[PDB]
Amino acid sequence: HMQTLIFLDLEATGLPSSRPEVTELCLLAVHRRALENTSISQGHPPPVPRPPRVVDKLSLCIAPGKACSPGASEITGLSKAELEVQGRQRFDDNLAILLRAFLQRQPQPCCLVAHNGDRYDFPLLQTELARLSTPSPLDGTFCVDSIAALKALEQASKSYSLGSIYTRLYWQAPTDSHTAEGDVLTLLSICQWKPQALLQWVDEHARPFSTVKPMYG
């Protein structure tokens, strides 16, 4: 039984072929009680659920070592030059120390939830952490891809991009697409669609983050 779900989103300099680097990271830590007490979804469509009162949130912009592709910069609204002029620092040991302290405030066991995590966010995060001297702060942490989760939840009762799912469930467009915090809030909203069912799915398919292979070396 996971006690904490940590909704995660990364934005980066480009697509996996590009050997991308992280430009923004958001973590939203929600205790399982706070999630499973999100009210049922009635109506077609139901209203967009309200986030739980009690949450822990960390959102950071990160200077990459290489430029964002024009396309990445258009959709994320971020660029290496603007990140550097505002003094953003690299993905370095102090950041790992920060994440470690943030994670240690969460009850265990703890599971990251990210949309397309299995093929982007998690392997990329593994790569950024591998470059550090610091031992990984995520080794004891679990992770799941919300795509597989929502596929299993919908067929228990067609695109699976974040926006497609949110639109299909609430008949509205998400807000603040491809911003780390905005995407995390959209994912939380989707996961509050059937919190108990999702939580049971997570408990069954969560896997240790230490088993995730890096995106590149």
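Numbers for residues come from their place in the sequence shown, where the first is 1. Between two forms, the rigid core is defined as the largest C-alpha subset superposing within 1.5 Å.
Positional deviation of Cα atoms in 6 other deposited structures of this protein after core superposition, greater for 164-172 or 24-32: Between 24-32 and 164-172, greater C-alpha deviation in 6 other deposited structures of this protein belongs to 164-172.
Residue 59 left out of the model in a third or more of other PDB entries: Comparison shows residue 59 kept in all of the other entries.
Check: residue 69 without coordinates in a third or more of other entries: Counting only entries that model residues on both sides, residue 69 is resolved in every one of them.
Unresolved deposited residues in the interval that joins residue 157 and residue 158: Some 4 to 9 residues are missing between them.
39-47 or 64-72, whichever carries the higher mean Cα B-factor: The stretch with the larger mean CA B-factor is 39-47.
146-154 versus 173-181 - greater average Cα B-factor per the deposited record: So the stretch with the higher mean C-alpha B-factor is 146-154.
Peak C-alpha temperature factor (PDB record), options 115, 88, 131, 100: The C-alpha B-factor peaks, among 115, 88, 131, 100, at 131.
Assigned third (lowest, middle, highest) for the C-alpha B factor of residue 204: It belongs to the highest third of the chain when residues are ordered by C-alpha B-factor.
Where the record places residue 10 (Cα B-factor, split into thirds across the chain): For residue 10, the deposited C-alpha B-factor lands in the lowest third.
Residue 107 by Cα B-factor - lowest, middle or highest third of the modelled chain: Tercile = middle for this residue's CA B-factor.
Position of residue 83 among the chain's modelled residues by C-alpha B-factor, lowest, middle or highest third: Middle third - that is where residue 83 ends up once the chain's C-alpha B-factors are sorted.
Cα B factor band for residue 93 (lowest, middle or highest third within the chain): Within its chain, residue 93 is a middle-third residue by C-alpha B-factor, going by the deposited values.
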